[PDB]
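Below is one structure, written out as structure tokens; the observations come after it.
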Amino acid sequence: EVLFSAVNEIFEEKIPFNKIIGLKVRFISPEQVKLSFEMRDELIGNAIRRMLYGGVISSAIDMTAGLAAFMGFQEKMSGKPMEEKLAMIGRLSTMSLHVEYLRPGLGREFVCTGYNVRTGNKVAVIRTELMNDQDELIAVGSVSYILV
Amino acid sequence: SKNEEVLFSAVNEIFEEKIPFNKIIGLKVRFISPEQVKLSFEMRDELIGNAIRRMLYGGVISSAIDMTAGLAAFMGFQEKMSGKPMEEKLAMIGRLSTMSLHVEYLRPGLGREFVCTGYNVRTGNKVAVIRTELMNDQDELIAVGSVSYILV
Amino acid sequence: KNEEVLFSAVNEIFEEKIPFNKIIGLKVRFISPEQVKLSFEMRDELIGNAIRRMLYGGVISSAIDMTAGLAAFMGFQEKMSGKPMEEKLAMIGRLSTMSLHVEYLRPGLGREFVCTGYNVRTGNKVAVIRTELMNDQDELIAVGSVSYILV
Amino acid sequence: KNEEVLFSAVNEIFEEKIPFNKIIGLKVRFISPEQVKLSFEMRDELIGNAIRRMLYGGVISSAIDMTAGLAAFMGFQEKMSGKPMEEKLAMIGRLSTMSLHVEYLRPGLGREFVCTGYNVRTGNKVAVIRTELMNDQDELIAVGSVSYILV
Amino acid sequence: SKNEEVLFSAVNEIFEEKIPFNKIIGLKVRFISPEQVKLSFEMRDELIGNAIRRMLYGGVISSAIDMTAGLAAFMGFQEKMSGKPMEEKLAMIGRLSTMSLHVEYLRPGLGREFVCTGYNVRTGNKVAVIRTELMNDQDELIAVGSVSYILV
Amino acid sequence: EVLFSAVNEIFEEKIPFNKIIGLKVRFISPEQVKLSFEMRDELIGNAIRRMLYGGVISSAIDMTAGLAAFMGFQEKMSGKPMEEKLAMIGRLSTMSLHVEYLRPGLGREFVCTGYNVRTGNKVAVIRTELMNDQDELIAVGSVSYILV
């Protein structure tokens, strides 16, 4: 209850990129997370549109994996209060980001699902799947998050 | 050279002025060549006190590496278009798409200005493999990247 | 019925349906949602060919990809709990390899060899399979990581 | 003589010698110490097979491995400057794949397709080749990283 | 359990006393199980003032990860040997050989005592894939490893 | 002249592992380096002999790659004195070490060749090949070195 409320504030309301790319937390659990993204500016007519979409997709994947890593690490913090769990999210840092693109993005809205593969002591490995409006897989990702 | 200045000027317009993300993350083209490019970036909002600051910088770093790699890919492919005019070279940049983006982070960026250098390892017929190094204000290596671009 | 008809439908497609059967034999030994096993047989030994080892590398990669494809199918059809067998068999046509990573240990250019496929994780769209390929004498000759998607 | 006899010797081994020729055709289009190009042709379309895309994944990986094997050969024979042609042709039998990494973009299940192999770096024992596989319409359908060793 | 103590005791002998490198890098078995192991290491000579100190620690870290992975591989394989005696389980450890060692370093170790935890991801018929995390005195992550072991 | 003398001191004489594994610099150049190693204790009869050889091979590869990285970085230090070049070797640190083993080590003496693939500003990527007495490739490696 308090976890979903705290996570929504941080991810939906407090990110200043919101003016250019919308973000909504659709699902959260210790094993799986789902974020939906909305391109407020679709970038039609830009000379490097495809290129710019590459960076947007990598950031979307990294963000989804960061929320998945948080849910994996907070699950292990069993008897800790909500303040210390919320403080831990600020220590999450990406160690490795591997993204393979299957086709061009070029869409208004896309969705990204993050599956927590294994959460060790310090490293949380997440596998991601990013699709468009039409339920078509456009990119897949392997992301490693650590506590710094 | 006459062709090198029209190439540099065309590229500067596309990357420095025409990108709409410039109002949140500034981008300047420091250097270009067929085998190496160099972009400098500036965080206009450093995101101090944001609960997921380190996380947001991960996405920023991955975008900067992808953009640097994209420009390096362009410089490799245009070199192979020897006898073609400048119009066809500029038109080709819209077909460049990322196939694979691998980024390894040594530490969290947490700096305002950072510079990224892209080295074109090999340019095949349809694939351009770029190796990148991203560093901060203080010339410290914060991330390295391997990026593959293709002509779609 | 539904357990038996799966095994029968899968065997017909992989064993009898494949046209390369004259060149390379293929038999489904074991199937399950998490694990699968295929046995192979070289009908032509290729004894005398100057690029024999080179041809075997392609045979091994194809065997690994086929075993992974069967393993991917078993992972995806497990998630289709409420669907009928006509839709499950139609889904096998949608399976396409996204990434094939094979590591070769020792050239095991033998008549018969077996490949086992382990379903590491099946997401919504991607199925990651780990494979082990061994020869007549049970010696590991190659390992593989294969990613399959529903196109 | 030595330039011409290399092309002729290589073509006989890859084009005429291979027994899979009835299933899949293979022609050597271009060869050099740094680059090679092979064109392929599906003799059987496989039109009607339920696991068509799955069979094509194996065909693509084999084509990539074969092209890389030819590219590896050209890299190693360049280093054998003072040796005769009998030793160079004997060396092709020692070529074995160590690692095969293939990434698939779009299913290009066409009749004809071409694969180009670039020799990235040839060390003392290891030859690393980068491959690009495209269809009739010049569209990139797969890329590959292949490592070959002299066994 | 009777079998768990004879397994732990047999392993402790092989890793803590029988390794001849123990006079330069100490090794102690902190924890063992079929899905996870934990080894602690001690640099007896820290190599202070050596011109290539950081470099030498790279090799030490790679060995520690490989050893931790080897023990985790053993614990995975012996679990599959359910009805076999303790003699055959111990004999199997001599057939374990590293197939692939991938190590990513976050910072240079430069500490006396460091701990490495090995997690057995999957144990197939002939291959054991282990994920490792190596940390220092201060519980800071200095390196991560992916190691594959096979029965030769 | 002075470079070969300085490198030999550091690698052959000043490494305390010398009592268990011998090391000799056979060749050095900006593009290629070669080290030969000697197992002073062959470890016959040890229960985890194969396992112990895995760690020795990874260290040998990492060391060869470190010397190759040094030769790549010092080449770029064109007009600098010998003292600053020698000081730079202390800043070399391994970032990534990838080793693939083709067969067991189990030999008295083995040789490792390091080829400098590309040396950028901060990263030096080295490809290694480790063989035994019989000229048989036993392991290959990809190693990344950085200046910290």
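Chains as they are written, first to last, in full-length UniProt numbering: chain C, 9 to 156; chain V, 5 to 156; chain R, 6 to 156; chain A, 6 to 156; chain F, 5 to 156; chain S, 9 to 156. Even for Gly, the Cβ is constructed at its ideal location relative to N, Cα and C.
Around the Cβ of residue i, are there at least 16 other Cβ atoms within 10 angstroms (buried) or fewer (exposed)?
{"i": "V/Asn7", "result": "exposed"}
{"i": "F/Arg34", "result": "exposed"}
{"i": "R/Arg99", "result": "exposed"}
{"i": "F/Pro112", "result": "buried"}
{"i": "C/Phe12", "result": "exposed"}
{"i": "F/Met103", "result": "buried"}
{"i": "A/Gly63", "result": "buried"}
{"i": "V/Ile69", "result": "buried"}
{"i": "V/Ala95", "result": "exposed"}
{"i": "R/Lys93", "result": "buried"}
{"i": "C/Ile97", "result": "buried"}
{"i": "R/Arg116", "result": "exposed"}
{"i": "R/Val151", "result": "buried"}
{"i": "C/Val107", "result": "buried"}
{"i": "F/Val15", "result": "buried"}
{"i": "S/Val10", "result": "exposed"}
Closer than 7 Å by beta-carbon distance: list the chain F residues that pair up with residue i, in chain order.
{"i": "C/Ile154", "result": "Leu145"}
{"i": "S/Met103", "result": "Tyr109"}
Anything in chain C within Cβ reach of residue i, meaning under 7 Å, just list it in chain order.
{"i": "V/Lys22", "result": "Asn54, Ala55"}
Chain A partners of residue i, CB-CB under 7 Å?
{"i": "V/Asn129", "result": "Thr121, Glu137"}
At which residues does the alpha helix (DSSP H) containing residue i begin and terminate?
{"i": "A/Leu110", "result": "Careful: A/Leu110 lies outside any alpha helix (DSSP H) and carries neither H nor E."}
{"i": "A/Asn7", "result": "7-16"}
{"i": "R/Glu117", "result": "Segment 117-127 is the beta strand (DSSP E) holding R/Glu117; no alpha helix (DSSP H) there."}
{"i": "residue 178 of chain C", "result": "Chain C is shown only over 9 to 156; residue 178 of chain C falls outside these bounds and no answer can be derived."}
Since residue i contacts residue j with CB under 8 Å, what's their CB separation in whole angstroms?
{"i": "C/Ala73", "j": "C/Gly149", "result": "7 Å"}
{"i": "V/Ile36", "j": "V/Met79", "result": "6 Å"}
{"i": "A/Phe19", "j": "A/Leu75", "result": "7 Å"}
{"i": "C/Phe81", "j": "C/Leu155", "result": "7 Å"}
{"i": "A/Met47", "j": "A/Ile29", "result": "6 Å"}
{"i": "F/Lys84", "j": "F/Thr127", "result": "7 Å"}
{"i": "V/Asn54", "j": "C/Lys27", "result": "Not really, about 15 Å apart at Cβ, beyond 8 Å."}
{"i": "A/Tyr61", "j": "A/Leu145", "result": "Not a contact, Cβ separation roughly 15 Å."}
{"i": "A/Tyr109", "j": "R/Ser101", "result": "7 Å"}
{"i": "R/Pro24", "j": "A/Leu51", "result": "7 Å"}
{"i": "C/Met59", "j": "V/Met139", "result": "That pair is no contact at about 22 Å."}
What does residue i touch in chain C if you count any residue whose Cβ is under 8 Å from its own?
{"i": "R/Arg126", "result": "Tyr123, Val125, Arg135"}
{"i": "V/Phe25", "result": "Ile28, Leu60"}
At a CB-CB cut-off below 7 Å, which residues of chain R make contact with residue i?
{"i": "C/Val148", "result": "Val131"}
{"i": "A/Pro112", "result": "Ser101, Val156"}
Show which residues of chain S have a CB atom less than 8 Å away from the CB atom of residue i.
{"i": "F/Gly74", "result": "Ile56, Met59, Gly62"}
Just the chain V side, please: which residues come within less than 9 Å of residue i by C-beta, in chain order?
{"i": "C/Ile18", "result": "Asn54, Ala55, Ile56"}
{"i": "C/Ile36", "result": "None at all; the shortest Cβ gap to chain V is about 14 Å."}
Could you tell me which chain F residues have their CB closer than 8 Å to the CB of residue i, listed as they occur along the chain?
{"i": "S/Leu43", "result": "Within 8 Å Cβ-Cβ: nothing; S/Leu43 doesn't reach chain F, min ~12 Å."}
Beta strand (DSSP E) containing residue i: first to last residue?
{"i": "S/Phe78", "result": "Looking at the DSSP string, S/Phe78 is not in any beta strand (DSSP E); the run it does join, the alpha helix (DSSP H), is 57-84."}
{"i": "residue 177 of chain C", "result": "A query on residue 177 of chain C cannot be resolved here, the shown segment of chain C reaching from 9 to 156 and no further."}
{"i": "V/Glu46", "result": "40-47"}
{"i": "C/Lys32", "result": "29-36"}
{"i": "R/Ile23", "result": "R/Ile23 -> no beta strand (DSSP E), and no H or E assigned at all."}
{"i": "F/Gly149", "result": "145-155"}
Could you tell me which chain V residues have their CB closer than 7 Å to the CB of residue i, listed as they occur along the chain?
{"i": "residue 3 of chain C", "result": "Shown here, chain C extends from 9 to 156; a query on residue 3 of chain C therefore has no answer."}
For residue i, go through chain R and note every residue whose CB falls closer than 9 Å to its CB, in chain order.
{"i": "A/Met71", "result": "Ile56, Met59, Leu60, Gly62, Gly63"}
Counting only beta-carbon separations shorter than 9 Å, does residue i have a partner in chain E?
{"i": "V/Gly115", "result": "As a matter of chain content, chain E is missing from the structure shown, whose protein chains are C, V, R, A, F and S."}
Show which residues of chain A have a CB atom less than 8 Å away from the CB atom of residue i.
{"i": "R/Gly98", "result": "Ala55, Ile56, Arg57, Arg58"}
Under 8 Å: do the region 37-54 of chain A and the region 122-131 of chain A share three or more Cβ pairs, one atom per stretch? The answer is yes - the region 122-131 of chain A touches the region 37-54 of chain A, with three or more Cβ pairs under 8 Å.
Take every Cβ of the region 132-149 of chain C, pair it with every Cβ of the region 135-142 of chain R, and state whether three or more of those distances are shorter than 8 Å. As far as the Cβ criterion goes, the region 132-149 of chain C does not touch the region 135-142 of chain R, which means the pair count is below three.
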